[PDB]
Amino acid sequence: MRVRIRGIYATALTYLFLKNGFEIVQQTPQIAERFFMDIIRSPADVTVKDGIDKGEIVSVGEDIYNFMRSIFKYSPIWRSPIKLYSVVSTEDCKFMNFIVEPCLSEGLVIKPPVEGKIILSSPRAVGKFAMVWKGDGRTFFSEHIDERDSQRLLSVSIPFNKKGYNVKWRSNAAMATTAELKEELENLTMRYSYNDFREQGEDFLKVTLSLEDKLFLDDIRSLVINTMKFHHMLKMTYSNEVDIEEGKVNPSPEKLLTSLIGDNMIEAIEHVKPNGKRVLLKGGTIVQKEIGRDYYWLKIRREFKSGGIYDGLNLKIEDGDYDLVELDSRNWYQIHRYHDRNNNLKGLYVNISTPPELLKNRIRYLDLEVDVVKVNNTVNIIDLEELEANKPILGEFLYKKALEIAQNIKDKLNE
């Protein structure tokens, strides 16, 4: 299969796709040079790029799920049951088990249901190179079409604009022969006029990368060009700063890591659920930290006001209650020590997760559902059934690893 790759993971991903037999196409000149390969100006069967959040990789086109699940063992992967750019029929503003927006009775899926919500637009006939529908008769271009390639495309779609068809050129169109393009618009306009959208959808998946797989990608990228530890994690906040440091004699991520939690304050903990939803949890003051060449550790103090129950502990939250949270880049867990205003220990909550990432004034981790709670000398592994519910997207390796950690923590808490 021919694959097109963009975004902060592109070098590491290019290595791994090559290593697994894919044809790389539409390389940038800088990718071509790094892999000593020719730029192939051919359409891609599948496109891999950053998600809306740079901590995600998305894939659109042919299904590569089984391949992605074997590269990324320690990351949730969601395969869309709904093909992107399919056309669906709606009732009561629902399609199957999903909400749609807007509430079109017939609509083109333009965003998959990552969290149970499908984004629609008015139907269009979609091929690999173009989308067509009825309108004024205008030609639109993907952002990723160079100007040198636009005029050829316009010459093809102008006739169809005259007929009242809007034409959206997709970036793959720039690599297609002119005869392919003409055939494409002939077929698309004909299918549109018959209201025929069968089999037009494209497969979609999203990898929510853990720090474990980001470090694996740092290692892979290291085989091609100079790469610091935490390179990809830092590329969520920094751009050229990371490359500058990687040109130095012994590159270290220490200063850029320190800058993220510069002022010893965490405004929020991003608790990422298996499905990708980022849940903001209360932050606090960094009372102690250690940032080295290849790891970081922090102790955060979180202040609580009256209100509610502490999850797992089943204890009421009182004014002046505080949490001492220990987290470490090498650890798949955070130890929360819950105290009252007079420093009395209320309980211990061990949050199980993928290794914590650093963002500007924020911590991020992929929560693994199972937790371990200790109150007095009661030590309980909780929410095993919620880890089970999330096994299809977590995959078996994260699932097994969260069971090992849980057992380990219980044994330690019981000593």
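Sequential numbering from 1, following the sequence displayed.
- For the pair 311 to 319 and 108 to 116, the mean B factor over Cα atoms is greater in 311 to 319.
- Per-stretch averaging of Cα B factors for 347 to 355 and 28 to 36 places 28 to 36 on top.
- Out of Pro76, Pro102, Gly127, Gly284, the entry records its largest CA B-factor for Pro102.
- Residue-level inspection of the entry shows that, of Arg278, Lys305, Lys235, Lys214, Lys305 has the top Cα B-factor.
- Compared with the other modelled residues of the chain, the Cα B-factor recorded for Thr47 ranks in the lowest third.
- Sort the chain's modelled residues by C-alpha temperature factor and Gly137 lands in the highest third, per the entry.
- Annotation for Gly262: CA B-factor lies in the highest third of the chain's modelled residues.
- Among all modelled residues in its chain, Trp169 ranks in the lowest third by Cα B-factor.
- Ranked by Cα temperature factor within the chain, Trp297 sits in the middle third according to the deposited record.
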